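Listed next as structure tokens: two forms of one protein chain, kept apart as structure 1 and structure 2.
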Structure 1
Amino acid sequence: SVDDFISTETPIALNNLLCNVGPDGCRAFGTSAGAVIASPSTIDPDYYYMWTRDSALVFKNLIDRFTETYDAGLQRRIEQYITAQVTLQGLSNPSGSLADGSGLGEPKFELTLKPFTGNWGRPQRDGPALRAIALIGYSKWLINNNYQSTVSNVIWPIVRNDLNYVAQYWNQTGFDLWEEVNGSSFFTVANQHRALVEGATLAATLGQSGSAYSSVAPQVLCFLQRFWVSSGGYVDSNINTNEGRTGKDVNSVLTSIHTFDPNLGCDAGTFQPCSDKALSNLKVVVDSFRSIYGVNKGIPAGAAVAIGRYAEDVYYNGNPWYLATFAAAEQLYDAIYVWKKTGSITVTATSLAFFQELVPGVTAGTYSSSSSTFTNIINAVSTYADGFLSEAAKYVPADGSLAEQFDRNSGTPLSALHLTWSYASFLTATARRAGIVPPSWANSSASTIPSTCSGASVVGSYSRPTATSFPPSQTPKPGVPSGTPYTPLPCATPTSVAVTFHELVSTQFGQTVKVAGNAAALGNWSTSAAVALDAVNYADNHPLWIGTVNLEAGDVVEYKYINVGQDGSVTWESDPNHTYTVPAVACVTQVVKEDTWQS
């Protein structure tokens, strides 16, 4: 049953989500405090980085959970995530520096909170938007619990940098959320609009000027209208480029659920889940996957299917993703929420095809909660929505782990293990089914579209934030639903820990990297018995090598990386010896030790 799946998966998803958060999460142990690894996977694929997007989406889920029920463990994690942003914002990186704002569009960082120096799809202009939305989310909590002073002191300078970035750079091309298409992206623009709306509201609450953000917001919304393909009834997810695709992409479904505000009803301007444009789009996007995946064979129209990112996808051969399949369920739960709350469903010419798939022959019109048409529709949509949950559930392993993808033919997990966003996507989709909605970000002002789009932007001021700490014990006001801090699920304490050595060193032709060390498993400083690392990952300005040795839990280890040529010659990295303490903590069975070569 779907209820069984939700029951069992919920605590596993939350646990696994939090295992990916530094400094102490079970699969992110020793990462910077507040850091969110996209995945513990270090090879095939290497996702052991911090993405501005992934971390902001994960923490928006956690901040929303924290808002529903105070949890001092979550708060500690939220505060840590926020202060890490002080460090990241200040970093010169290949996207640029903080001073002119350009550095804030950097997609990802080392989990040491250092610049990722390799070639990448940069900038990605959604990051500052999502980060702002996350930090504004916690700000509203702090303000509503009498800590506005902390917002102004610690948080606001961070949010202000990101808001200025959006207001300045929204009307320039960048890479999409899949890090592939350089242009103008639906998800990116829509969240940029949301951020400006929310940021103008926060400014005014703090007594700061929101004028720059409010003057630009409606122009961002104006431009968002250009992504709509009227002849096909769907969103072209990337414009200002010809990407060699239809533009039917879960991008647009992810947009709908992430800018959901039931107080906007079925507003099509902001692409609300129940809007006619969002529904029409959903059907088109779903349909693009119906005929092409082995796992969808023999499933009829009007029944849920496994869905991926976009039909043209070749990544790992192009497969369904858990977060995509969960996203479809979530958009439908969001629509159901609004229909139930308003007691009314409207079918239009635009949404006609979506509704006719579920209730064949239904006409456009408005149906109240008491009409049988309303009942046919809402029942069919609920079954369909649970069908998308159930479809993804079919391909979740017995242990409840959520990889990034499941195989288009066999449904077995592929790509990155324990993708943090997969867990969050499960948590949000099921929250919505439960009728738990996020805090509102908008009134109808935020949905008013100007008659013309001006492409207005504002050159902003950027300053390094300075405050890097929260006051202790910032507990809720009385009455507010409260509970004991979160505690991870129990495990055995490992006698052995898999230690992935993760080294940055530029090597020449045929050279191998080995780790020589003091412990027996590292060959007692013997160069011939040293442990060889994988040249896989070595990239332009990002020369990465990984090796995983089992070392005893609690053992203190001294090591040096050796550059071993083809000829079996050894060069030693400069002093000092590295010193690492292999952890002995419950649930910590694999760690990554991130290093750079000592010249």
Structure 2
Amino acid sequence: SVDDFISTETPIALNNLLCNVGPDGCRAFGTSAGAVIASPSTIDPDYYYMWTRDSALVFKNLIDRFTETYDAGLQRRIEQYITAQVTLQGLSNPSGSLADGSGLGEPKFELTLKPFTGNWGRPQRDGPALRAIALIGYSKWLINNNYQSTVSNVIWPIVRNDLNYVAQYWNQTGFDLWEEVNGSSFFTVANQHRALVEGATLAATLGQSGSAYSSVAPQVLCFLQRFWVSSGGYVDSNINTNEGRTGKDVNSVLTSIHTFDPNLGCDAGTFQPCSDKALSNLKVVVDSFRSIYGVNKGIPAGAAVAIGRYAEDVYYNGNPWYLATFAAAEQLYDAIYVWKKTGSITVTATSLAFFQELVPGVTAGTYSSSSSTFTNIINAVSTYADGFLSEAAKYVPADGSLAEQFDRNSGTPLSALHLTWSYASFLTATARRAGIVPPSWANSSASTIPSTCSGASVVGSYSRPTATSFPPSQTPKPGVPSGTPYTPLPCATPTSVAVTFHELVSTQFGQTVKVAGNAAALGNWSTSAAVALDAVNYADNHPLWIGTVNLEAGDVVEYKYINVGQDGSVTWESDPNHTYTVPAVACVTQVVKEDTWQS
């Protein structure tokens, strides 16, 4: 049963999610405190970086969990994530610097919390919005528990930079959440709108300046309306671009679930999950995958299918994604929640096709909780939503691991292993199924659309946050649900650890980088026995060499990189030797050591 899968997968998903959080997660061990790896995959693909988006989506989930039941272990991680942003905001990077806010649009960073210097689809203007939303989430908790001073001193300067960025740069093109399309993107705009609304509210509570945010927000909402295609009944996910796609993209479904607020009911203006526009869009998006994936062969209309990002996708050949398939279920669980709470379901001309696929012959109208129609709809939609979970479940391996994708024909996992966002997406979908909803972000007025739109923006001011520490033991006030600290799943302690040496060093044609060191596996300082690294991930402006050696757990190793020429001549990097103690920690079987050539 679905219930069986949920009960089994939940502790695995939570464990695997937290394994990807530094400095102590089992697959992110030795990364910076508060860093989140997108995936431990370092080769084909190389996802061993911290993205602003993935990190913020993951921590929003954790903050929501933590808000439901206090967990001092989660609190520790949340605090470290927040303080890591102090370092990141200050960075000058290829998108720009903090001075004019432009640097905040940078999509990804090295896990040492240094800039990523390679070519990339930058900027991505959703990042600051999503980060603000996460930090505002935690701020709400602190305020409710009488720690408002901590918000003002530690969190608000960080949040204020991100909010100023949104208010200044929302009306500018950039890359979408898939990092491919330079334009105006639904997910980005909608989250920018939410960030400004929550920001204005938090500012008012703190007695800080928020009027810029509240005056810009309605204009962002105004622009969001332009993504709707009335003739097709779906959202064109990217506009102001010439990419030549239909625009039918799980982008829009993710948008609905990440800006869900049940207090907004079935508001179509903000694209709520039970809104007629969101329901119509869901059907159009799902339908775009029904006929194209081998895994969907033989599944009838009215039944759940595996879905991907967008039908035109050619990334790894274009496949279903776990997070996309879970997102469809989540939107439906969100819809069911609101229908049950309000005791009423409205079918309109816009959502009719969606409903008739599930309840043949139903017509437009309003059906109350006493009607047989209400019960019929609830059951049909619940079954369909569970169907998306069960479809994804067919392709989850016995160990419960979630990669990024599963093959469109065979269902075998592919691309990045242990994608942090895949685990978050399972956790959120299943929370909504159980009727666990996140804190509200809007009031009724946050849905009122202006008469005429303009690209109104405000030039902001940016300053480096300086506070990098939280007061100890910020426990909940009496009466708040409270529990014991999180403990990871148990494993054996390994005797051997795969150590991936990950070295940035600019080299010229015919040169090879090797690692030499005192351990037998490293060649006991012999240059002939040194371990050659690979240039598989090498680029001139991101000169990465990589390779993996098994070392004895607990061993203290000393090493240096060498550059070996065509002629066999050896160049040692400058002193001192690197000194590394190989971890001997239960569950830590592979680590990445991120080095830069010592000049």
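Note that the rigid core is defined as the largest set of C-alphas that superpose within 1.5 Å between two forms. Counting starts at 1 and follows the sequence of structure 1.
- Only one entry in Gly510, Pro485, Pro450, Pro481 has its C-alpha moved by 2 angstroms or more between structures 1 and 2 when the rigid core is superposed, and that entry is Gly510.
- Positional change of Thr69 between structures 1 and 2 stays under 2 Å at the C-alpha, relative to the superposed core.
- Residue displacement note: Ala553 has its CA displaced by under 2 Å between structures 1 and 2 (rigid core superposed).
- Positional change of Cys26 between structures 1 and 2 stays under 2 Å at the C-alpha, relative to the superposed core.
- Here the rigid core is superposed, and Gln566 then shows its C-alpha moved by 4.4 angstrom between structures 1 and 2.
- Superposing the rigid core and comparing between structures 1 and 2 gives a CA shift of 1.9 Å at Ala539.
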